[PDB]
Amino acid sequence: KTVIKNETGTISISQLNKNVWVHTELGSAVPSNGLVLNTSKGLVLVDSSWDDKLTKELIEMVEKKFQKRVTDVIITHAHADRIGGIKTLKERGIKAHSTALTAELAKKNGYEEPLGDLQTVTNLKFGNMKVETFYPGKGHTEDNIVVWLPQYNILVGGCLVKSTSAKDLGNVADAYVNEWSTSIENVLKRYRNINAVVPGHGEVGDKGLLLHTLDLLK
């Protein structure tokens, strides 16, 4: 797997396969992941980053490297690590897709609002790249969604899903610990053959990360 950093070393992208890279940025010293989809109609991100600066840097980095424009982003919940760069997106005319609940929660947290255009299950298509978004229920937050690439059997778990190295659930101020297991099970039931899982924070793994998150919920 290839890994490209930015000049400061605050941002990395690292390849999962041909058209699918993870993005990782550091904010205040805490890492955060999303996806970069290289499609024939432009670059699509799953999630932005912690703030406007890092989001700008992210976009600059992937636009140069893949030689096409970021056209769309999928926002997976309304916390800073996911939605922090929303102003950069809107001012560039980058479409910020989300559920209606994530948009409200964005506004309530005082962020500019994403589109609120995703339903519980939405099937999108960008160039040849298929993408499903799924709301499995409450967990890390009320609104948290996952993203599924059916052509690659790749799941972006976001902050719903913990990495192997995580010993606890992290910040549960906005969580629903009792719904979180059922929500993970809903993911397991929909996506019965998974090649890789991208957690919101920490290293990429397989379905074990969902089972691991279950254990941490006990």
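Position 1 is the first residue in the sequence shown; the rest follow in order.
**Student:** Would you mind checking whether any residues of the deposited sequence sit unmodelled between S28 and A29, and how many (none, 1 to 3, 4 to 9, 10 or more)?
**Tutor:** Per the deposited record, the segment joining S28 and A29 lacks coordinates for 4 to 9 residues.
**Student:** Quick one: higher average CA temperature factor, 103-111 or 68-76?
**Tutor:** Looking at the recorded C-alpha B-factors, 103-111 comes out higher on average.
**Student:** Going by the average Cα B-factor in the PDB entry, point out whether 3-11 or 207-215 comes out higher.
**Tutor:** Per the PDB record, 3-11.
**Student:** Looking at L169, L45, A175, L160, which has the highest Cα B-factor in the entry?
**Tutor:** Of the candidates given, the C-alpha B-factor peaks at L169.
**Student:** Among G139, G85, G127, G116, where is the Cα B factor highest in this entry?
**Tutor:** Among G139, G85, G127, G116, the highest C-alpha B-factor in the entry belongs to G127.
**Student:** What third of the chain does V197 rank in for C-alpha temperature factor, lowest, middle or highest?
**Tutor:** Its C-alpha B-factor belongs to the middle third of this chain's values.
**Student:** For the chain shown, is the CA B-factor of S98 in the lowest, middle or highest third of its modelled residues?
**Tutor:** Lowest third - that is where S98 ends up once the chain's C-alpha B-factors are sorted.
**Student:** Compared with the other modelled residues in the chain, in which third is the CA B-factor of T122?
**Tutor:** Ranked within chain, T122 CA B lands in the middle tercile.
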